Amino acid sequence: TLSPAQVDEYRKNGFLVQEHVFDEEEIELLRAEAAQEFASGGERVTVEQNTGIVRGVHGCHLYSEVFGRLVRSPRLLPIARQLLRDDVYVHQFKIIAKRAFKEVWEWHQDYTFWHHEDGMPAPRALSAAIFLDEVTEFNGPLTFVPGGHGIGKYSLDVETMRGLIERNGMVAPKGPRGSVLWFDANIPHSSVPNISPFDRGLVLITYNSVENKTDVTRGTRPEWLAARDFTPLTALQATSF
Amino acid sequence: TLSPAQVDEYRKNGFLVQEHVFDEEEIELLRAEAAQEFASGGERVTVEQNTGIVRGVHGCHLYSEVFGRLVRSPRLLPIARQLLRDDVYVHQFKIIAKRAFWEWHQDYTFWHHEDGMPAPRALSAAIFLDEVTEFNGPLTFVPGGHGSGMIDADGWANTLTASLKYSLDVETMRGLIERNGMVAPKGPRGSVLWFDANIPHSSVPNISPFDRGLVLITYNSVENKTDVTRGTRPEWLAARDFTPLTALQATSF
Ligand SMILES: O=C(O)CCC(=O)C(=O)O
Ligand SMILES: O=C(O)CCC(=O)C(=O)O
Ligand code: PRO
Ligand code: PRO
Ligand SMILES: [Fe+3]
Ligand SMILES: [Fe+3]
């Protein structure tokens, strides 16, 4: 679990980075497994329009043994329970390929899209972005308005951003391969394009509160984008095998 | 004049920043004159291909007295001469609007094919009308990538596409960057970024909600004058008058 000093950097800033949570052997396992999901997700892999290039794949924690364990990991599941003062469930899971010379980019709040088109009641959620590769200034890093979480499609306009940014600034947190970037479901952020010539990968996991579940009433999206099964997640039945 | 350390740095990396060359009042005059040039520039204002968004205005030094003086500034002209080892003239002038919310290229490549520049004995001076940060689309360079070795010598729709023109492929850049890195020089308002005609570079979009301005002056060596028989563009993009630039006399007016 996070120190109280880490919990309060997260409460203050709206995001937090822990470095080298995962080692190179575990990351490489995640990279190989992401390649299998790319090669055999069907409708679950997103492709570009006028190009044949793969940008992402979703839902893998429900079709892959490895990713099912990943989301129940002691380096993830506890921190998400702690931070959300609850038991939690995965709202969505994806693997993003930030391709060299990049996609859709506008400043947003995640909560907004979930609230309307899936049915989240409150911003009682977060995301853990696992860095499969080093995040630098030049490979399109997630970029935040720190403190920002406190709202002729769901993108924040320049007039509101103008004000939000004059007060708070902007940060593009960096980090080595194997870092985790935890960020609030109501922090405003944007993806810069990758002007480096090197592809970059991410695993993005959204933990939602159980008390805070979806209302199936409103939902439009298939299970691999928005989750139907709200069973609390627990650590793997504990074993010497 | 640049110190000997600054010249060597320019020659090694292909670029150099000088901070606070122009004071605040100076920048405001340039800003206000730039806004005039955008409102009156007519066919000299350039617009994005699909969207009609205003990107720049060209050749303003031939039409505005402030800008005609600017290219002769004792803050610029002597450095241009120093670095090029010659009399110089203005090959092109633009004002760029990097709007709130691209391709790796070498400037010289375009100038050689379209304007008849016989060699990369030219440079540009980028005057920061606003702070350059990591978030407002700084010009980004491969240090040392302008060296004569660095890249081995050489489609219709591509050439008609502004953002694609004479752009380096990802395979060329992959090699360049592994070995050399990328660097995005930052600076305060009023800084000047000098960069080589042959240095590979790119500009990320501006994701800040603030517009950002830049005055870009390309100086060329007189001995490296453009071959006018190979020129295809109007004077306000590629100059054909090669009068050596001379210092402003210091006077009471
Ligand atoms: O795929 C991307 O580039 C951005 C992912 C993201 O920002 C999100 O959904 O939270
Ligand atoms: O800042 C820009 O829009 C690109 C400028 C540039 O690449 C140049 O003219 O040398
Ligand atoms: O699909 C999702 O859940 C994310 C939320 C913001 C936009 N797309
Ligand atoms: O128009 C020009 O002269 C510059 C040269 C490279 C791209 N645009
Ligand atoms: Fe997002
Ligand atoms: Fe250029």
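Values in this text are rule-based calculations from the coordinates and carry no lab data. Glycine also receives a Cβ, built like all others from the backbone with ideal geometry; neighbour counts cover every protein chain displayed.
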Which number in (1) out of contact with any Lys or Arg (no Cβ under 7 Å at 6 or more places or on another chain); (2) within 14 Å of chain A (Cβ to nearest Cβ) marks the one condition that B:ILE53 misses?
-> (1)
Within the stretch B:26-138, helices (runs of 4 or more DSSP H) holding 2 or more residues that are within 14 Å of ligand 2 (Cβ to nearest atom), of a type in the set (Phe, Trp, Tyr) and under 22 Å from B:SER203 (Cα atoms) = B:107-115
Criterion (over 17 Å from B:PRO143 (Cα atoms), in a strand (DSSP E or B) and more than 14 Å from every other protein chain (Cβ to nearest Cβ)) met by exactly one of B:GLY190, B:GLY231, B:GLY213 | B:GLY213
Name the residues in the stretch A:116-139 that are within 30 Å of A:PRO197 (Cβ to Cβ) and either among the hydrophobic types (A, V, I, L, M, F, W, C) or within 9 Å of chain B (Cβ to nearest Cβ) (or both), would you?
-> A:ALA128, A:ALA129, A:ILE130, A:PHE131, A:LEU132, A:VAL135, A:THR136, A:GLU137, A:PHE138
Residues satisfying the stated conditions in the stretch A:148-179, i.e. closer than 20 Å to A:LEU202 by Cβ and more than 14 Å from chain B (Cβ to nearest Cβ) = A:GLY175, A:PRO176, A:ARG177, A:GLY178, A:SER179
Kindly provide the set of residues from the stretch A:157-180 that are within 26 Å of B:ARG174 (Cβ to Cβ) and either part of a strand (DSSP E or B) or of a type in the set (D, E, K, R) (or both), ordered by number.
-> A:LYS174, A:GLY175, A:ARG177
Taking B:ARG75 as the residue in question, decide whether it is closer than 30 Å to A:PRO197 by Cα, of a type in the set (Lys, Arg) and more than 16 Å from ligand 4 (Cβ to nearest atom).
-> no
Does B:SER202 meet the test of being of a type in the set (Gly, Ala, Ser) and within 11 Å of chain A (Cβ to nearest Cβ)?
-> yes
Can you tell me which residue in the stretch B:215-237 is nearest to ligand 3 (Cβ to nearest atom), limited to those that are surrounded by 13 or more Cβ atoms within 10 Å (Cβ to Cβ) and among the β-branched types (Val, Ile, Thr)?
-> B:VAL215
